[PDB]
Amino acid sequence: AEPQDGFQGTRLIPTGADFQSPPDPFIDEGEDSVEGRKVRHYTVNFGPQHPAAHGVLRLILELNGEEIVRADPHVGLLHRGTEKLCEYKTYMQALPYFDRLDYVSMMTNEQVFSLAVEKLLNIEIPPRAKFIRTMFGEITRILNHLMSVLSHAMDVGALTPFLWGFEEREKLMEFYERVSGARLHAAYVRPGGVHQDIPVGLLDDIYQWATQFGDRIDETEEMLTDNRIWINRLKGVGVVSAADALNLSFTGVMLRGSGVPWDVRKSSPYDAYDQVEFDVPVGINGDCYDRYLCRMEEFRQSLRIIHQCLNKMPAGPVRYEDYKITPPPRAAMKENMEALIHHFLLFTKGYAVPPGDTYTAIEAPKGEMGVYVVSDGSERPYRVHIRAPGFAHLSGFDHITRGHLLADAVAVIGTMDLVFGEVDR
Amino acid sequence: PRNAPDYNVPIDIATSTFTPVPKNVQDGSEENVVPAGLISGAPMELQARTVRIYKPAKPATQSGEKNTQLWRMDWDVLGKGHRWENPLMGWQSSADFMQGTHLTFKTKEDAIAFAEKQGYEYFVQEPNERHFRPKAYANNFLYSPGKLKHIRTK
Amino acid sequence: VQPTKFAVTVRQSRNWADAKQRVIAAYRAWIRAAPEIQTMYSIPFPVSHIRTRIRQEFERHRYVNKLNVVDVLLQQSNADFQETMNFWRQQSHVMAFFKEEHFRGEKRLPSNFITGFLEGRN
Amino acid sequence: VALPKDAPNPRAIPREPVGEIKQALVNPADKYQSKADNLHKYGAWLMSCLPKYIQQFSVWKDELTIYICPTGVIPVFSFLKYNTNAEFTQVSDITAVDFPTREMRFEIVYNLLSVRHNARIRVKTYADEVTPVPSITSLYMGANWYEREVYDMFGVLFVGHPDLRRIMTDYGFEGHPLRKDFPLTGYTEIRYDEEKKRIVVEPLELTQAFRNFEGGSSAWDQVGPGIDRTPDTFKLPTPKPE
Amino acid sequence: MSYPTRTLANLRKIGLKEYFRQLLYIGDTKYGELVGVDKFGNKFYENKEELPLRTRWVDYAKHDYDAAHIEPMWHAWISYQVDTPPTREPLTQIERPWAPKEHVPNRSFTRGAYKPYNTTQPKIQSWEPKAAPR
Amino acid sequence: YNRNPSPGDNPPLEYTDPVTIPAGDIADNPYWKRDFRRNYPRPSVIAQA
Amino acid sequence: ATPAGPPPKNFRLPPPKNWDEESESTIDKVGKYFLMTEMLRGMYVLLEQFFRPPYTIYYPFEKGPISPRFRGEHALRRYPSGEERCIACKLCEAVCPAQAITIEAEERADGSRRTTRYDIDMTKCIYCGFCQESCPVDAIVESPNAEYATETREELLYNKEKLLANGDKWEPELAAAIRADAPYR
Amino acid sequence: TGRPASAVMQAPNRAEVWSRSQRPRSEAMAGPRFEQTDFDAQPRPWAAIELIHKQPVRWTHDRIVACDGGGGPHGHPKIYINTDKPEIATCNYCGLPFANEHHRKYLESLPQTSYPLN
Amino acid sequence: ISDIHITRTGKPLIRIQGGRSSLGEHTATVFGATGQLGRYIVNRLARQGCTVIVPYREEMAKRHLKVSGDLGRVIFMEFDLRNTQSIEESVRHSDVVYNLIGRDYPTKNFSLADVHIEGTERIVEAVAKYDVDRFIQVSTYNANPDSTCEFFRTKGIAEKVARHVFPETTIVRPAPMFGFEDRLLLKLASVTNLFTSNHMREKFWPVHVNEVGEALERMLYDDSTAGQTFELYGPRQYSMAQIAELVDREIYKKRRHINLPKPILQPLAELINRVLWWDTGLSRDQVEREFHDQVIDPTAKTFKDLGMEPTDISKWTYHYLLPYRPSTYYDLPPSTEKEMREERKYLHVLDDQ
Ligand SMILES: NC(=O)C1=CN([C@@H]2O[C@H](COP(=O)(O)OP(=O)(O)OC[C@H]3O[C@@H](n4cnc5c(N)ncnc54)[C@H](OP(=O)(O)O)[C@@H]3O)[C@@H](O)[C@H]2O)C=CC1
Ligand code: SF4
Ligand code: SF4
Ligand SMILES: [Zn+2]
């Protein structure tokens with residue numbers, strides 16, 4: 001009989017406090033005396049004006065000398081109301097909003113929204129689209145790890161690998177511009193497949209880059225992996241146990257670094273990841289050094305997947321073949337009545353999506369990215385909620401940093417793959 | 001005082017030169033009604049403005065009745081501030097933050113319940129219904145005992 | 001408390017006696033903090049002027065007779081209090097709370113019918 | 001330029017011709033019927049184990065949703081965390097949806113993950129403007145920020161939450177932007193004023209007003225009613241003739 | 001980064017005057033074949049033995065060189081969007097009497113900067129008052 | 001070898017837009033048989049009753 | 001943590017090894033420590049890069065590569081006769097994800113369906129190509145141009161005059177880009 | 001705010017507006033924002049209405065004529081135009097003039113036509 | 001006060017009152033808007049959606065003015081006061097013109113008469129040529145053409161020229177204004193030593209620059225301010241010494257003035273102005289100006305006529321000088337016995353770190 005039952009406050013609702021069980025005491029392991037003197041902490045604001053590791057980050061820390069007492073990240077400096085805007089857009093019009101969430105991982109961001117909409121559309125995309133999206137997925141994973149690992153290396157003082165690897169970014173950004181017409185915000189992966197087919201000379205150009213990328217990974221490992229300064233900066237820093245990582249909502253490398261073998265591409269396969277072979281790097285100490293080694297090995301497995309996609313690329317259409325969902329080819333639209341109508345309706349009204357809801361998750365470069373979409377049967381989504389892995393990771397910053405040195409905070413900010421378009425949305 | 005406008009209502013930060021003077025702002029003492037408009041964070045203006053609750057009529061240009069199924073809640077356009085011409089580009093500026101907002105309800109009791117809870121003034125427009133009359137194809141060819149009175153053309 | 005400086009765990013009031021104590025407790029913390037609020041945001045008003053605003057904010061909700069609604073207002077008050085006593089708000093946020101510092105004035109509605117009519121709906 | 005001896009031009013290799021491509025028509029919902037029975041049985045067993053709080057369950061394709069009353073939030077999630085046949089030890093996501101036509105306008109949606117069983121579950125409860133929900137922060141640390149987001153965007157209180165404050169909106173922001181009745185551009189906007197030498201909030205004024213093309217929605221329903229896929233083990237028996 | 005043998009060779013192919021002038025704008029010692037000239041007077045060169053993306057380059061006609069001075073079709077060529085230079089590009093031969101005759105550079109920061117305006121009439125017309133005589 | 005020729009000089013006539021013959025036939029493909037959007041599964045709901 | 005079923009073979013790590021049991025000689029261990037062998041190896045890598053060709057191009061004398069699909073400055077196009085391609089369908093105004101396009105239209109003096117206002121707010125436009133994809137006559141296109149930074153924001157409010165002039169200037173690129181990519185569109 | 005011909009002429013090839021809601025350039029480029037400005041530097045594309053009417057009439061004997069703009073896939077959707085009325089038929093996309101040969105003598109009789117006829 | 005304003009020449013201005021995007025309808029030119037006071041009139045007009053024409057000399061100096069208005073509202077014009085074309089290109093579209101052009105010192109290029117008398121005369125002649133509705137001419141307190149002081153004298157003739165060419169000229173006589181970026185409060189609060197040949201005994205009635213800017217706006221709205229004259233001053237008389245007392249009372253620093261005698265300081269003040277290239281705050285006509293004492297005309301309109309009540313400068317010293325009071329821990333007053341006792345509840349060194 002809520003909420004009038006609350007008008008006069010009967011039957012308080014049970015909290016988690018009302019279910020605290022006393023531990024079993026048998027097996028439970030857990031004057032002007034100067035010991036009673038209190039210690040005053042000083043509270044320091046870090047960011048966003050004063051330089052931080054990266055992004056729009058106001059990090060408010062309570063310190064005891066050099067040690068972190070409380071860590072309090074203030075976010076929303078990049079909260080742009082993306083989730084509300086999506087309710088005033090068609091599904092086509094909302095797709096570019098996903099490029100701008102994790103804005104170094106554009107195609108996998110648009111991949112997760114395409115898969116969720118495809119699920120409510122009840123359509124199976126063509127095999128060539130599946131292989132193109134998987135291929136661009138691992139190209140985007142390398143682009144992300146190049147940004148993440150190297151800028152994390154640059155934050156702790158290692159200038160040079162960032163320069164070397166961003167030329168690799170330039171080469172892979174050319175592939176993004178060749179398929180779409182953009183360096184970053186491709187809007188390439190759409191529900192139904194991909195916008196347009198790849199130009200006839202792209203696969204060989206990707207292959208030529210693939211023959212030399214292993215050396216680029218190796219030269220990066222020459223400066224960091226065995227370097228004793230790098231090890232002393234990362235080993236034993238930002239430790240989280242396997243049990244707490246699950247309870248903190250950690251996904252991806254932040255979870256696999258603590259020993260849990262789990263990859264969304266393996267557990268719930270999507271696109272063509274069931275048709276490709278790859279290994280999952282897993283750490284054992286749950287620290288920044290293990291997470292660095294997992295990400296370096298993910299470079300090699302991504303390249304290994306890309307080579308398989310180059311050889312397994314099938315022929316056929318790249319867009320689902322129903323002009324009620326995907327736009328017809330321009331020659332069809334100018335030729336026959338049916339195609340022109342379907343072109344007109346898809347670009348003014350949009351396609352109608354059957355009502356319902358779904359939670360769809362992928363293994364994004366920064367961990368489990370998910371999207372929760374509610375369809376009301378119309379051409380605009382009723383609700384779009386985005387699950388960003390960086391949001392859960394930064395929410396754990398206090399748990400992993402309390403009691404530790406202020407001089408290790410830059411290491412764990414970089415060990416979390418943190419882009420604040422993901423965090424704030 | 002029987003629909004008198006309360007010229008002494010406290011303002012908030014969204015009160016503008018285009019905000020109408022309210023009659024009845026919620027205080028949290030109304031009988032049996034949750035005072036959402038008191039705690040929602042919405043400006044005072046929404047308790048001063050009137051919403052329309054209606055079933056949208058079928059467009060005269062189409063036979064589809066999909067958009068007549070639900071109840072619509074819409075804000076009436078004010079005398080000033082709804083639109084004006086921007087001198088630079090000729091674009092259409094607005095001071096009405098509710099101009100592009102509408103709410104959809106399964107039943108009008110739902111729409112009325114939401115409007116009472118937020119404190120909107122509302123006006124309910126009942127839908128005009130069709131008057132049933134049976135139609136028969138054979139009536140195009142009835143025998144006329146007298147002067148034809150009209151010449152049919154299929 | 002434990003999470004951050006002025007953090008208050010969200011709890012329902014048990015009864016109207018419980019609620020009244022919290023409301024008076026909330027008011028007491030607010031008007032006590034008024035001297036600090038002035039010097040912390042360099043407000044160009046006396047503590048008297050600030051403390052009057054506190055009472056009016058509590059007087060807008062004096063007539064509430066619903067326990068659940070009070071719990072909502074109490075939670076809002078704690079959230080506003082924490083983000084003020086922690087220097088999380090900026091001078092722009094607190095200054096916007098004082099309705100006098102808008103360049104169109106504080107009497108932002110017409111006094112009566114004929115002043116609003118002569119100016120054009122206010 | 002100096003070419004590599006064993007790297008020939010990959011464009012110069014002719015490709016085998018492609019002719020009449022044939023792709024079968026696939027209904028993507030068919031592959032989930034293999035587990036449709038098991039998902040209903042799991043939902044039914046949960047309802048039998050917690051009948052006091054579980055009102056209904058639904059199975060769509062491979063997604064199982066559990067519908068519960070707000071008071072059972074702690075008992076139900078305890079069971080999903082600790083039961084040996086339900087080890088949903090991670091909260092993937094907590095969010096809300098607004099339905100103004102409902103008396104309880106806010107639908108609270110929890111998505112859980114069980115790594116051990118490689119499974120996911122959805123739990124739905126409901127809330128109001130003045131009716132709180134139990135916080136699950138005592139069972140899941142990751143839930144802390146998700147509940148702050150729900151409180152920030154929707155105004156839903158979580159009793160037992162430590163430090164329930166805004167996470168996304170500006171300090172002193174008024175309103176809950178993900179409510180359907182909250183307008184897209186909100187109520188106010190900021191600028192720098194050269195007299196006050198600081199930023200000032202002012203009533204919102206758009207040089208070009210937002211243009212809502214919602215009225216272009218199709219005058220005809222375009223999806224239809226769909227297909228019933230309830231398994232036979234969860235449909236009632238029928239009386240035989242005679 | 002030229003290297004000694006590259007710079008020494010290009011010096012011999014171009015001379016010290018040209019070498020120093022090239023060092024005054026591009027800051028490198030480049031030599032190649034003249035692909036063509038655009039309407040503004042920019043000279044375009046190709047050399048396929050250079051480093052990738054350095055095989056095409058422009059010598060600007062104007063001391064205050066700006067990237068917007070490049071003729072449109074040549075802009076495609078130097079950015080590797082096409083391989084056929086405008087000298088052999090048939091689409092550059094279609095006669096469009098409306099086409100701008102002189103080159104259009106970026107006019108920002110000058111008094112030729114583009115000024116926007118409403119291109120339509122007012123949506124409403126007031127009455128023209130006509131006091132009827134008594 | 002690299003980006004040679006430039007994609008802007010790929011001969012347009014060579015590339016063929018592919019059509020899969022069940023979905024793209026002119027003879028034996030009625031739309032309703034491949035209309036998998038309108039054959040979407042309804043959620044299967046079980047209440048306590 | 002582990003999947004249900006029996007523990008993965010050899011998932012459990014063997015017990016830690018003591019200092020005594022390390023399979024690495026003292027002289028090697030002491031030598032690497034005092035001589036910093038892996039740091040010397042990393043320095044040697046830099047010298048190898050010091051003698052490799054740099055990747056730098058000398059912009060604006062040289063340019064990076066762009067494709068026929070590249071999305072830059074907007075333009076309005078004509079037919080070979082010079083008639084406007086635009087017929088005021090409003091498809092680009094409807095699909096625009098950012099509401100950057102504003103259009104007004106009536107019958108022209110000759111009775112043709114043409115626009116009277118065609119504005120693009122370049123400070124609202126997200127450069128996504130949706131208008132160019134939605135146009136049934138190839139009227140709105142994105143040119144390859146990207147070098148049009150302006151002194152004032154008002155210079156980025158393009159009206160129909162600015163857009164038709166852009167199409168007149170850039171037409172040979174616009175036709176070449178359409179020529180190369182139209183088979184894939 | 002404009003004395004020069006670029007500031008008054010609606011287009012280089014047409015002085016007058018070609019639609020009723022078109023703002024005349026003389027009023028559009030007037031006001032404070034056009035004070036210290038070069039007017040020849042302003043974008044002034046040619047009027048499309050004047051250019052299309054220089055196009056000669058494409059004569060045909062067939063009653064129905066197809067038009068797609070002439071670019072194949074690079075033009076507009078293919079439409080079919082009826083030439084049975086004794087007048088110049090115009091494509092509703094590209095504005096191209098078409099006429100049947102049956103009406104040539106009456107069209108040649110006409111004092112002035114919308115299109116050159118030759 | 002309404003949606004209709006009819007201008008001197010009759011133009012009806014249907015106005016939509018609001019903020020940045022609204023329609024104020026007025027087109028204003030503000031000469032000398034790049035100075036201390038020009039920011040408060042430009043800001044007030046632009047934020048009401050009025051078009052403000054800003055003639056400028058240095059581009060980097062006027063950059064802050066654009067923020068006031070919406071797109072297309074603040075318009076900049078390159079101008080020289082001896083370029084007539086530039087003055088009247090900036091004015092021919094305006095319905096109100098503010099003349100805020102003044103200078104307290106002579107320069108190599110402009111005598112006080114060149115910038116004030118000849119400056120006004122070119123502007124006022126432009127105003128009458130295009131029939132601008134309101135020409136508000138800003139002047140000085142003590143403006144009198146019979147004064148020995150060239151400042152006051154050249155502000156006197158320019159009043160007479162403006163009123164002759166344009167009889168409806170509105171003259172505003174502000175007293176020395178304080179406020180943000182003023183030359184009263186911060187000059188006292190900042191410079192280590194002042195060369196004042198009068199022991200800071202000159203008296204005047206300081207008025208907030210904000211109120212002067214607001215007053216200028218209020219004259220636009222009422223047509224009754226044309227052909228009028230406005231002395232604009234604060235409530236209470238002060239002297240440079242008494243205001244310096246307030247300044248010192250707020251920044252905890254002691255003022256030190258050398259006070260060289262007039263026959264020696266005045267020629268030196270001339271030399272410094274002719275060899276240093278900036279406003280030194282010191283010049284021959286400025287030393288003479290400090291012996292003069294602000295005398296308020298009794299036959300001139302005041303803030304009363306505009307519905308305003310000026311605030312006293314002592315109400316504003318703390319606000320405007322707060323960022324200049326030291327806040328180092330070294331400078332707090334000694335700890336109370338309450339403070340001495342609580343210190344013994346804390347450890348004051350981390351021995352483990
Ligand atoms: N401030 C005060 O206390 C008092 C001021 N006044 C009068 O008030 C008005 C405004 O005062 P305030 O804003 O403080 O003065 P400022 O000195 O701060 O600004 C004066 C303005 O005049 C312009 N200017 C000066 N000389 C010339 C010139 N030769 N040619 C063109 N422009 C010129 C300046 O432009 P630029 O920045 O390019 O130099 C500047 O914008 C002036 O008329 C002044 O004389 C009178 C009494 C008291
Ligand atoms: S540009 Fe193309 S899509 Fe937009 S109105 Fe013109 S014809 Fe229609
Ligand atoms: S590029 Fe995208 S955002 Fe820009 S005008 Fe075209 S559709 Fe709109
Ligand atoms: Zn045609």
Side-chain angles (χ1 to χ4, degrees), chain A residues 334, chain E residues 94-99 119 121, chain G residues 76-89 104-116 118 136-139 160-161 164 167-168 171, chain H residues 5 8-25 44-72 74-118:
Chain A
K334 297 182 189 169
Chain E
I94 324 187
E95 154 54 30
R96 303 178 288 115
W98 53 90
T119 60
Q121 300 274 29
Chain G
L76 278 174
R77 294 181 62 233
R78 293 171 200 266
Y79 284 113
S81 84
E83 177 59 83
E84 280 165 53
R85 275 182 180 263
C86 187
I87 41 88
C89 72
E104 293 173 60
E106 73 242 47
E107 325 179 77
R108 205 168 54 187
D110 66 342
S112 170
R113 189 185 168 123
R114 301 298 159 177
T115 51
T116 301
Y118 194 107
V137 291
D138 301 23
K160 194 182 161 176
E161 318 292 334
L164 262 180
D168 296 344
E171 175 50 37
Chain H
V8 172
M9 288 276 285
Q10 203 58 38
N13 56 333
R14 183 171 164 116
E16 311 76 18
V17 296
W18 51 85
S19 88
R20 50 193 199 281
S21 55
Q22 183 164 11
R23 202 177 165 193
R25 195 184 280 271
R44 37 218 182 81
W46 285 28
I49 189 174
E50 301 298 51
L51 290 149
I52 188 58
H53 294 104
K54 328 181 323 194
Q55 284 297 313
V57 166
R58 315 175 87 194
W59 297 93
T60 167
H61 290 279
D62 230 329
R63 273 174 88 195
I64 309 185
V65 297
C67 191
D68 53 11
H74 299 166
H76 62 75
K78 185 190 310 133
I79 56 167
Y80 294 88
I81 311 157
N82 184 269
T83 53
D84 268 278
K85 266 202 298 303
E87 185 49 270
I88 300 159
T90 278
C91 178
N92 282 311
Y93 279 103
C94 67
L96 268 197
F98 298 89
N100 213 278
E101 307 256 29
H102 176 268
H103 321 300
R104 206 196 265 278
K105 287 177 176 57
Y106 171 78
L107 298 182
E108 298 154 324
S109 81
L110 295 183
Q112 169 75 354
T113 61
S114 40
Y115 290 92
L117 254 65
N118 269 334

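Below, all heavy atoms of this structure are taken into account, side chains as well, without hydrogens, waters or symmetry copies. Protein chains get the first letters and strands the later ones, always in sequence-line order, with residue 1 at the start of each.
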When rounded to the nearest 0.5 Å, the distance separating OG1 of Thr113(H) from NE2 of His53(H) is 10.0 Å
Can you measure from CG (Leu76(G)) to CZ (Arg85(G)) and round to the nearest 0.5 angstrom?
11.5 Å
Decide yes or no for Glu83(G) and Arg114(G): does some side-chain heavy atom of the first lie under 4.5 Å from some side-chain heavy atom of the second?
yes
Any non-hydrogen side-chain atom of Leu117(H) less than 4.5 Å from a side-chain atom of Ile88(H)?
yes
Can you tell me how far apart CD1 (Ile87(G)) and SG (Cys94(H)) are? Round to the nearest 0.5 Å.
11.5 Å
Does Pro24(H) reach the side chain of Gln121(E), with side-chain heavy atoms less than 4.5 Å apart?
yes
Do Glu161(G) and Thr119(E) have a side chain donor and acceptor closer than 3.5 Å?
no
Begin from the C-alpha positions of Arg25(H) and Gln10(H) and carry the test side-chain contact (heavy atoms from CB on, under 4.5 Å) through to its verdict.
CA-CA 5 Å; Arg25(H) 195 184 280 271; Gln10(H) 203 58 38; 3.7 Å; yes
On a heavy-atom basis, the closest approach of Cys91(H) and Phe98(H) is CB-CE1, 4.2 Å
Any idea which heavy atoms bring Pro80(G) and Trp98(E) closest together, and the distance?
O-CH2, 3.1 Å
Would you find more than 12 non-hydrogen atoms of other residues, nucleotides or ligands less than 6.0 Å from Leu110(H) atom CG?
yes
For the student: nearest non-hydrogen atoms of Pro97(H) and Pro56(H), plus distance:
CG-O, 3.4 Å
Residue pairs involving residues 78-88 of chain H (criterion salt bridge (charged side-chain N to carboxylate O under 4.0 Å, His left out); sequence neighbours excluded)
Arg63(H)-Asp84(H)
How about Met9(H) and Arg44(H): do any of their side-chain heavy atoms sit closer than 4.5 Å?
no
In short, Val137(G) meets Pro77(H) closest at the heavy-atom pair CG1-CD, 4.2 Å
Show me the pairs that pass salt bridge (charged side-chain N to carboxylate O under 4.0 Å, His left out) and involve residues 93-114 of chain H, at least two apart or across chains.
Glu101(H)-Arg104(H)
Thinking salt bridges, do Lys160(G) and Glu104(G) make one under a 4.0 Å N-O criterion?
no
Could you tell me the separation between the CD1 atom of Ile81(H) and the CZ atom of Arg58(H), rounded to the nearest 0.5 Å?
10.0 Å
For the residue pair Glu84(G) and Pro45(H), establish whether any side-chain heavy-atom pair is separated by less than 4.5 Å.
no
Considering non-hydrogen atoms only, spot the tightest contact between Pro12(H) and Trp46(H) and give its length.
CB-NE1, 3.7 Å
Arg96(E) atom CZ: more than 12 heavy-atom contacts under 6.0 Å:
yes
Hey, are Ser81(G) and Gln55(H) close enough side-chain-wise for a donor-acceptor pair under 3.5 Å?
no
Tell me the closest heavy-atom pair linking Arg108(G) and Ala48(H), and the distance in Å.
NH1-CB, 4.0 Å
Do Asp168(G) and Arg78(G) pass the side-chain contact (heavy atoms from CB on, under 4.5 Å) test, and can you show the C-alpha distance, the side-chain angles, and the key distance before you say yes or no?
CA-CA 8 Å; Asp168(G) 296 344; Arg78(G) 293 171 200 266; 2.8 Å; yes
Any heavy-atom pair between the side chains of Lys334(A) and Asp68(H) that's under 4.5 Å?
no
List for me each residue that meets side-chain contact (heavy atoms from CB on, under 4.5 Å) alongside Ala99(H), sequence neighbours excluded, and say none if there are none.
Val57(H), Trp59(H), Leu107(H)
Starting at CZ of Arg77(G), measure out to NE2 of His74(H) and round the result to the nearest 0.5 Å.
9.0 Å
Nearest 0.5 Å, please: how far is OG in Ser19(H) from CD1 in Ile49(H)?
9.0 Å
Please examine the side chains of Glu171(G) and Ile94(E), heavy atoms only from C-beta on, and report whether any two atoms are closer than 4.5 Å.
no
Classify the angle between the aromatic ring planes of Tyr79(G) and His76(H) as parallel (below 30°), tilted (30 to 60°) or perpendicular (above 60°).
perpendicular
